Amino acid sequence: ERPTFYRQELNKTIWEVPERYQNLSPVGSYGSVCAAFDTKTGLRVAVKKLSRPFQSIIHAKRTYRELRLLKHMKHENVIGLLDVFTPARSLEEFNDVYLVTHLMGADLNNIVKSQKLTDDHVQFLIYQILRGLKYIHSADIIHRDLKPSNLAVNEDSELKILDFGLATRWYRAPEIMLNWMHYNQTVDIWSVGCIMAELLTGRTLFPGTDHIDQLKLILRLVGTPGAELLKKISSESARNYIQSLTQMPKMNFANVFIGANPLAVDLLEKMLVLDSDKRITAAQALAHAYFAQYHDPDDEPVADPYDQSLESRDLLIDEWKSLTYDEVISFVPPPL
Ligand SMILES: O=C(CSc1cn(CCNC(=O)c2cccc(C(F)(F)F)c2)c2ccccc12)Nc1ccc2c(c1)OCCO2
Ligand SMILES: CCCCCCCCO[C@@H]1O[C@H](CO)[C@@H](O)[C@H](O)[C@H]1O
Ligand SMILES: CCCCCCCCO[C@@H]1O[C@H](CO)[C@@H](O)[C@H](O)[C@H]1O
């Protein structure tokens, strides 16, 4: 049962892995990531060494949460695990945790290189994002920081959503920029809109220099809050500030996306509405005619509810450590 391990030093860091995994090579910035080859399956893989996983309660808690999350995410368009291992033989020697996933090689910038894509390519890429989003949203998880650097893409444009990555605010919902503390899943839809817009045009939709400039760019496009949106703002100061603004009309999107598929323009109008309750959901979007060539109602799976309460307890360091260890022990590789 216990595979044989071997040690070796990469970028000043000691890595201890099973023998199945050969030709380890660092690819960058928890911890550190090497591409490797998995001789057990024939697959190229990325391997992550968690950095200092059980050094403080907060490190411990974050480790547990990353492990839990990834073990529950099983979907073509969401990052998942092929393996999870520790050199340790027992809870007492347990101080390292390594996560294995399929090599993707590149994120969405790497694949796009600020260039305009064809409408077909655009449909395919956004479709996968929405298909992945539908899945995460069904588990009652909101991503909150969807951006191209949080999207793994390989040579054939097969795309996955990421928990954390390896400009950072250009994709954020305006309600997130303003630190509201109730949020819809549609904060994520907002981010899809900005991504899509960029892919159709070649240009960043809202390239602010800073927090306020970004909010000014957003207001130019989608106009100032109208009457329905105002009565939903509880903060009295926020409220008065907004009214103090000279009202501006929504731009028409046909003027902004000159010659794009009018179906592309339509969907984007449904993604980028200022009021979040009024934005298309990921499930409604997947049914939008723009994705006619890719939409399959029978292959857009949904997740079981993910208990977020287990991860936001206040446990001692050894409790988290032991719970993470069980999670390592109980792991089962996907069918392959
Ligand atoms: O291809 C992959 C796997 S998908 C990916 C994830 N991330 C977030 C960083 N996390 C990991 O890489 C990671 C590794 C193991 C386990 C896990 C866990 F989340 F826990 F499952 C995550 C990426 C960032 C950029 C591009 C792809 C990815 N990685 C990879 C491949 C080639 C690269 C590269 C990274 O860096 C650029 C040089 O070439
Ligand atoms: C909903 C509450 C919003 C508070 C934001 C108000 C603070 C914005 O103050 C802003 O700073 C910039 C110059 O420094 C300018 O671009 C703006 O015109 C100016 O009003
Ligand atoms: C410049 C003013 C920006 C307006 C941002 C509000 C648009 C988001 O929409 C609102 O946001 C909240 C989600 O956090 C919800 O509580 C509200 O129900 C929803 O209307």
Side-chain angles (χ1 to χ4, degrees), residues 2-11 13-55 59-60 62-111 148-166 321 324-336:
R2 207 244 176 187
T4 301
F5 285 57
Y6 73 91
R7 306 174 65 96
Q8 70 167 98
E9 178 175 293
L10 296 165
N11 191 53
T13 325
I14 309 302
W15 283 69
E16 202 177 327
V17 309
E19 277 169 341
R20 69 187 286 190
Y21 301 110
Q22 295 300 313
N23 316 310
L24 267 71
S25 183
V27 292
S29 339
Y30 260 135
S32 13
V33 185
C34 297
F37 180 71
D38 178 20
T39 67
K40 214 269 181 161
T41 57
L43 302 179
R44 316 271 294 99
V45 297
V47 175
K48 194 193 185 169
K49 188 196 185 171
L50 296 209
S51 148
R52 311 181 164 283
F54 311 113
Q55 286 197 13
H59 271 256
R62 277 182 206 163
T63 296
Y64 176 77
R65 164 176 208 265
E66 178 158 65
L67 230 198
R68 260 204 123 219
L69 192 54
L70 293 175
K71 270 183 72 192
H72 289 75
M73 296 298 97
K74 306 169 161 186
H75 192 279
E76 301 129 56
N77 316 125
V78 184
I79 195 164
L81 307 155
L82 298 162
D83 196 21
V84 44
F85 67 77
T86 182
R89 299 164 181 90
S90 64
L91 180 58
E92 16 295 328
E93 41 157 4
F94 186 53
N95 274 112
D96 291 296
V97 176
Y98 294 75
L99 306 178
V100 188
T101 190
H102 194 102
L103 187 69
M104 300 288 134
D107 68 3
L108 191 55
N109 318 313
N110 304 152
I111 280 278
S149 55
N150 274 133
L151 300 167
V153 194
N154 60 12
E155 271 177 333
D156 299 71
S157 282
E158 276 157 8
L159 172 157
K160 297 172 175 190
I161 306 192
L162 310 179
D163 43 353
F164 302 114
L166 184 163
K321 191 150 133 149
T324 303
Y325 188 80
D326 306 338
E327 288 297 323
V328 167
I329 289 320
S330 39
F331 181 73
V332 161
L336 203 109

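Nothing fancy with the numbering, it's 1 onward along the sequence.
Among all heavy-atom pairs drawn from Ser149 and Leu162, the shortest one is O-CD1, 4.0 Å. The shortest non-hydrogen separation linking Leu50 to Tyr30 is CD1-CD1, 3.6 Å. A pairwise comparison of heavy atoms in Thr324 and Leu67 identifies O-CD1, 3.8 Å as the closest pair. The two atoms that bring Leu166 and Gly28 nearest to each other are CD1-C, 3.7 Å, heavy atoms only. Heavy atoms only, all atoms of each residue included: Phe37 and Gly42 are closest at CE1-O, 3.2 Å. Taking each heavy atom of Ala35 and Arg44 in turn, the nearest pair found is CB-NH2, 4.3 Å.
Note that CE of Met104 and CD1 of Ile111 are 11.5 Å apart. Values are rounded to the nearest 0.5 Å. In this structure, CG on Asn23 lies 11.5 Å from SG on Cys34, to the nearest 0.5 angstrom. If you take CG on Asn150 and CG on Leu108, they are separated by 10.5 Å, rounding to the nearest 0.5 Å. To the nearest 0.5 angstrom, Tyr64 atom OH is 9.0 Å from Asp326 atom CG. Note that the CG atom of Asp83 and the CG atom of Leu43 stand 11.5 Å from one another [nearest 0.5 Å]. Interatomic distance, CD of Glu9 versus CD1 of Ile14, reported as 4.5 Å (0.5 Å rounding).
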Go through the steps to decide whether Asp163 and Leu70 satisfy the test side chain to side chain contact (heavy atoms under 4.5 Å, CB included), and finish with yes or no. CA-CA 9 Å; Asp163 43 353; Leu70 293 175; 4.0 Å; yes

Could you go step by step and tell me if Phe54 and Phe94 meet the side chain to side chain contact (heavy atoms under 4.5 Å, CB included) rule? CA-CA 9 Å; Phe54 311 113; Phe94 186 53; 3.4 Å; yes

Report the C-alpha separation of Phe85 and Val17 in whole Å, then their side-chain angles, then the decisive distance to 0.1 Å, and conclude whether the side chain to side chain contact (heavy atoms under 4.5 Å, CB included) test is met. CA-CA 8 Å; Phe85 67 77; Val17 309; 3.7 Å; yes

Apply side chain to side chain contact (heavy atoms under 4.5 Å, CB included) to residues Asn110 and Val153 and explain how you reach the verdict. CA-CA 8 Å; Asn110 304 152; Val153 194; over 6 Å; no

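The shortest side-chain heavy-atom distance between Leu24 and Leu10 falls under the 4.5 Å cut-off. Within the 4.5 Å cutoff, the side chain of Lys49 has heavy atoms near those of the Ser32 side chain.
Within 6.0 Å of NZ in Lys40 there are 12 or fewer heavy atoms belonging to other residues, nucleotides or ligands. No more than 12 heavy atoms of other residues, nucleotides or ligands sit less than 6.0 Å from atom CD of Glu155.
Salt-bridge formation is not detected for the pair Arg62/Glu66: no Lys NZ or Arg NE/NH1/NH2 atom is positioned less than 4.0 Å from an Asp or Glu carboxylate oxygen.
Residues meeting the side-chain hydrogen bond (donor to acceptor under 3.5 Å, both in side chains) test with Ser157, sequence neighbours left out: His121.
At least one donor-acceptor pair closer than 3.5 Å links the side chain of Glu93 to the backbone N or O of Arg89.
Side chain to side chain, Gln8 and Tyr6 meet the donor-acceptor criterion of an N or O pair below 3.5 Å.
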Check: residues 71-79 side-chain donor-acceptor pairs under 3.5 Å, at least two apart:
from	atom 1	to	atom 2	distance (Å)
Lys71	NZ	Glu327	O	3.1
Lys71	NZ	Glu327	OE1	2.6
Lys71	NZ	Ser330	OG	3.2
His72	ND1	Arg68	O	2.7
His75	ND1	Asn77	N	2.9
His75	NE2	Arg131	O	3.4
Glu76	OE1	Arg131	NH1	3.0
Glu76	OE1	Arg131	NH2	3.0
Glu76	OE2	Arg131	NH2	3.1
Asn77	OD1	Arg131	NH1	2.8
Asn77	ND2	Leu159	O	3.3

Tabulate below the donor-acceptor pairs under 3.5 Å that side-chain atoms of residues 95-102 make, not counting sequence neighbours, or state none.
from	atom 1	to	atom 2	distance (Å)
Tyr98	OH	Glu16	N	2.9
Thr101	OG1	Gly80	O	3.1

